[PDB]
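See structure below.
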Amino acid sequence: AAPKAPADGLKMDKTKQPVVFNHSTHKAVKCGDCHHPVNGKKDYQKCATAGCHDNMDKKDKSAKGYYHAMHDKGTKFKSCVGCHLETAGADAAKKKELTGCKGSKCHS
Ligand code: HEC
Ligand code: HEC
Ligand code: HEC
Ligand code: HEC
């Protein structure tokens, strides 16, 4: 069938700063804006699959840079932090919760 959203509490732990991803709080976002087209087909593999966002150099800005794909603005698909910046706006509490580098819902 079509793929279904997994349960909440999925740990992204390619790095030393792992982050929990909950589908239940992202239902306002289409599946394909994250599980984005690759060669025109939505791809539901893990983001850091080899040949995907598998460069663990957090300084890399190419599409393969994992850090880059999770944190930067101006990306072809919204990143976690990019979309959250737009969502938080001028609301300082939401900026901390959604975009803070520490003491946020991504990074404790
Ligand atoms: C403020 C601008 C932030 C700073 C600085 C960093 N983060 Fe994040 N972050 C997010 C994800 C999805 C990951 C990957 C989790 C995993 O698979 O382990 C990370 C990872 C990091 C790391 C580790 C990089 C390395 O390779 O060691 C650093 C240094 C880091 N981040 C700093 C997600 C999020 C997120 C959710 C929306 C927010 C608000 C932030 N990150 C914020 C920052
Ligand atoms: C971005 C905000 C997303 C939206 C919208 C949806 N998903 Fe998602 N999903 C996302 C992440 C960051 C993760 C973890 C990937 C990681 O690399 O571990 C996932 C994972 C899943 C999975 C499991 C994939 C795997 O481990 O094999 C699937 C099947 C899944 N997601 C499905 C899916 C559906 C069908 C969506 C729409 C209803 C959907 N996702 C939305 C990020 C995001
Ligand atoms: C491999 C099959 C992939 C998987 C699984 C995911 N991504 Fe991806 N991503 C991939 C390619 C080949 C590219 C470039 C496509 C092209 O048109 O240039 C991207 C692009 C991104 C971007 C934009 C990066 C930029 O503009 O520099 C982001 C933000 C991104 N991808 C995020 C993302 C996430 C969150 C994923 C897991 C849910 C994910 N991608 C999977 C290849 C692959
Ligand atoms: C927009 C296109 C989004 C993308 C890409 C990602 N997120 Fe998100 N997120 C978004 C919304 C609209 C909301 C709700 C905001 C509110 O005020 O609560 C969120 C929420 C979060 C949260 C907090 C809720 C929770 O699940 O505990 C976290 C921790 C979260 N989002 C993480 C996250 C990650 C790790 C992403 C990239 C893989 C990601 N978000 C993408 C919208 C959007």
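None of the figures in this text is laboratory data; all of them are computed from the coordinates on show. Neighbour counts run over all protein chains shown; Cβ positions are idealised from the backbone, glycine included.
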Check your understanding: When residues of the stretch 8-58 are filtered for being of a type in the set (A, V, I, L, M, F, W, C), more than 10 Å from ligand 2 (Cβ to nearest atom) and part of a loop (DSSP other than H, G, I, E, B), how many remain?
Key -> 2
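Results for (1) surrounded by fewer than 17 Cβ atoms within 10 Å (Cβ to Cβ); (2) within 25 Å of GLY32 (Cα to Cα), shown as yes or no for each residue.
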| position | (1), (2) |
| --- | --- |
| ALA50 | yes, yes |
| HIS53 | no, yes |
| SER62 | yes, yes |
| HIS71 | no, yes |
| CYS80 | no, yes |
| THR87 | yes, yes |
| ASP91 | yes, no |
| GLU97 | yes, yes |
| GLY103 | yes, no |
Point to revise | Residue that is nearest to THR75 (Cα to Cα), among those in the stretch 3-34 that are in contact with a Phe, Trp or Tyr (Cβ under 9 Å, 6 or more places away or on another chain) and either acidic (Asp, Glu) or touching a residue at least 60 places away in the same chain (Cβ under 8 Å) (or both) | key: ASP33
Check your understanding: So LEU98 fits all but one of (1) near ligand 4 (Cβ under 8 Å from one of its atoms); (2) under 17 Å from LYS16 (Cβ atoms); what number is the exception?
Key -> (2)
